[PDB]
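1. Experimental structure below, sequence on top.
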Amino acid sequence: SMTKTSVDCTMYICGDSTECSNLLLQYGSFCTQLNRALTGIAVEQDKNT
Amino acid sequence: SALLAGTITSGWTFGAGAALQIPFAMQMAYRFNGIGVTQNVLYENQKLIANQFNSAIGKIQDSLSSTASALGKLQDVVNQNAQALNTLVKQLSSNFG
Amino acid sequence: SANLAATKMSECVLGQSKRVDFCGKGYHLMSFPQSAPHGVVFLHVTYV
Amino acid sequence: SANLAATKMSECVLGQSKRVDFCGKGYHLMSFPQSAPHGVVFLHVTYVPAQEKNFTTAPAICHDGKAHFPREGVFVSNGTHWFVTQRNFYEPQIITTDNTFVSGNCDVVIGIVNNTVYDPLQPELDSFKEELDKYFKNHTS
Amino acid sequence: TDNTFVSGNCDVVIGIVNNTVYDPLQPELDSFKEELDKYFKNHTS
Amino acid sequence: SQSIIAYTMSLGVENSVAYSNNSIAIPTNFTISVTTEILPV
Amino acid sequence: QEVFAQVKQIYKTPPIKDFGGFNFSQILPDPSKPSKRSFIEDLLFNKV
């Protein structure tokens, strides 16, 4: 198994700002797809153990 | 059905060459000799093994009918395709800036 | 998964594999394939 | 593919793999590797049967009241006498005590047939009895 | 005899050599043969 | 007088193997075959 | 192709079935159905 990592899409791009978050919503599901992918990795790394 | 009909009749013969007709009662005698069990156990317990195998297949039919989550391994493949196809379509509505 | 299913199709179904925890729990005897959507289902007969 | 090639290089070439459809169709014997651009070519020697013939089989042989099972091979018959041969090839042999083993009785196994189990000790003692008879005739003569 | 088995003949084997296969049943019958031949000497007495 | 024809996929020769309690088949002959397996490295 | 079809020869089930007391009718296909499937494959298709 490898190190389990989870990345928050909102806080990584920009922190403590609501202006950039409105510009991030225009880019669609990029946050959803990148979060489910890293979440699935953390589950598969637990299945390996 | 082709692999099942051959395994029931020809057993392990048709895989490595031409199909050889063998009675299925004698095929398990060789399969027990492969795991270290004398074939004398089969011929004496054949009536008992008949109740063990036929009841085990019935438990599989009951497990698949009562529990529908055992096939979730294939349902994930459909779900991964559904989530992938739906997401690619929903991106058309996003402004992308 | 297909290469793993193809290996178990030849060794577990067609022949008899002595590998441990390959054809399933127990001493393997015979394997019965079954058609399933986007996959295949193996019925493993073992000696426990 | 490299891990699969290294596995076939180990099992098929160096040793002998009993895996089915691994070293190629048929019973594997020996594998000859050959260098190829951006890869490798494996030449496998396999054992496949050719001609087949239908035989009559029985699960056991009933002789003295106890069943007899083959140690190696199966029971075959051409319609006259019951023979013992391997599954991979036909080599007819007479049913003996060294080729079988006594277990159970004749009332358990379904399909058991009656036949005579050859005992090699009987003719050896019969020839030993006739050998002493020749000496007995020499003392009387 | 117990360690080997009789198959074919000597002409079909390439490189076969001649030797004497020890018969494990030979001395067992010869050990009794010496005692059974003593009865043959008693028949003449 | 040849053209492109369309037809249903055939799965190969259909052969029904005889099955019986006392019936058995043993090979009386064999053939040593050499095959080729190609894998990239 | 590497999984489902191992051999190019089709095998058929004999009409007279004596297996020694075993019932394979669950894994064998049912010709009376409009689509060819076994009793186990009938459940595998409905649960997906």
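-> Looks like it came in fine. Numbers count the residues shown, from 1 in each chain, chains lettered A, B, ... in the order given.
2. Kindly report the residues of chain G close to chain C.
-> G:2-4, G:6, G:27, G:37-38, G:40-41, G:44-45, G:48 (C-beta under 8 Å from any C-beta of the partner chain). Every residue, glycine included, has its C-beta placed from N, CA and C.
3. could you redo the last one with a cut-off of 6 Å?
-> Residues of chain G found near chain C (C-beta under 6 Å from any C-beta of the partner chain) are G:2-3, G:27, G:40-41, G:44, G:48.
4. any idea which of these is the one closest to chain F?
-> Chain F lies nearest to residue G:2 out of the residues of chain G next to chain C, by C-beta to the nearest C-beta, at 13.3 Å.
5. so what's the closest one up against?
-> residue C:6 (C-beta atoms under 6 Å, 6 or more residues apart in numbering or on different chains).
6. Give me the phi and psi for it.
-> phi -80, psi -10 (degrees, to the nearest 10).
7. Could you check how far it is from chain A?
-> Distance of residue G:2 to chain A, given as C-beta to the nearest C-beta, to the nearest Å: 25 Å.
8. which ones among the residues of chain G next to chain C are found in helices?
-> G:40-41, G:44 (DSSP state H).
9. filter these by proximity to chain F?
-> Subset of these in contact with chain F: empty, counting by C-beta under 6 Å from any C-beta.
10. Helices of chain B, start to end?
-> Counting by DSSP H, the helices of chain B are B:2-9, B:13-16, B:24-34, B:40-66, B:72-90.
11. And residue F:40, how close does it get to chain C?
-> Residue F:40 is 14 Å from chain C, by C-beta to the nearest C-beta.
12. which residue packs closest to that residue, ignoring adjacent ones?
-> With C-beta to C-beta, 6 or more residues apart in numbering or on different chains as the criterion, residue F:40 has its nearest non-adjacent residue at 4.2 Å, and that residue is residue D:39.
13. looking at the helices of chain B, which is closest to residue D:66?
-> Closest approach to residue D:66 among the helices of chain B (C-beta to C-beta): helix B:40-66, 11.4 Å.
14. Which among the helices of chain B is found nearest to chain A?
-> Closest to chain A of these is helix B:72-90 (C-beta to the nearest C-beta; 5.5 Å).
15. And the contacts of that closest one?
-> Helix B:72-90 has contacts (C-beta under 6 Å, 6+ apart) with A:29, C:38-39, G:48.
16. beta partners for whatever residue of chain F ends up closest to chain D?
-> For chain F, the residue closest to chain D is residue F:27, as judged by C-beta to the nearest C-beta, at 3.4 Å. When assigned by DSSP bridges, residue F:27 has beta-bridge partners residue D:52.
17. returning to that earlier point: same list (the residues of chain G next to chain C) but as JSON lines, adding distance to residue A:21.
-> Shown next, in JSON lines, are these (distance: C-beta to C-beta, whole Å):
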{"residue": "G:2", "distance to residue A:21": "48"}
{"residue": "G:3", "distance to residue A:21": "47"}
{"residue": "G:27", "distance to residue A:21": "57"}
{"residue": "G:40", "distance to residue A:21": "52"}
{"residue": "G:41", "distance to residue A:21": "50"}
{"residue": "G:44", "distance to residue A:21": "46"}
{"residue": "G:48", "distance to residue A:21": "40"}
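18. Just the buried ones among those residues, please.
-> Neighbour-count burial (16 or more other C-beta atoms under 10 Å in any protein chain shown) applied to those gives G:3, G:27, G:40-41, G:44, G:48.
19. Residue B:27: which of those is nearest?
-> Using C-beta to C-beta, those come closest to residue B:27 at residue G:27, 15.4 Å.
20. can you tell me which residues contact that closest one?
-> B:4, C:32, G:38, G:40.
21. quick one: which of these is most hemmed in?
-> residue C:32 (23 neighbours; other C-beta atoms under 10 Å in any protein chain shown).
22. In chain A, what residue lies closest to chain C?
-> Closest to chain C within chain A is residue A:44: 13.5 Å, counting by C-beta to the nearest C-beta.
23. what about residue B:28, distance to residue B:52?
-> 12 Å (C-beta to C-beta, to the nearest Å).
24. try residue C:36
-> 25 Å.
25. In a markdown table: the contacts of residue G:27, plus distance to residue B:40.
-> Putting the contacts of residue G:27 into a markdown table (distance: C-beta to C-beta, whole Å) gives the following:
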| residue | distance to residue B:40 |
| --- | --- |
| B:4 | 28 |
| C:32 | 26 |
| G:38 | 33 |
| G:40 | 32 |
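26. Among those residues, which one sits closest to residue F:35?
-> residue B:4 (26.5 Å).
27. contacting residues around the closest one?
-> Listed by C-beta under 6 Å, 6+ apart, the contact partners of residue B:4 are residue G:27.
28. can we see that at 10 Å?
-> Applying C-beta atoms under 10 Å, 6 or more residues apart in numbering or on different chains, we find residue B:4 in contact with C:13, C:32-34, C:43, G:11, G:13, G:24, G:27-29, G:38.
29. Residue 38 is in what secondary structure piece?
-> Since you didn't name a chain, this refers to chain A. In this assignment (DSSP states H and E), residue A:38 forms part of helix A:30-48.
30. wrong chain, I was asking about chain F
-> Using DSSP H and E, residue F:38 falls in strand F:30-40.
31. how many neighbours does residue 3 have?
-> I'll assume chain A. For residue A:3, using other C-beta under 10 Å, the count is 7.
32. Can you look at chain C instead?
-> 10.
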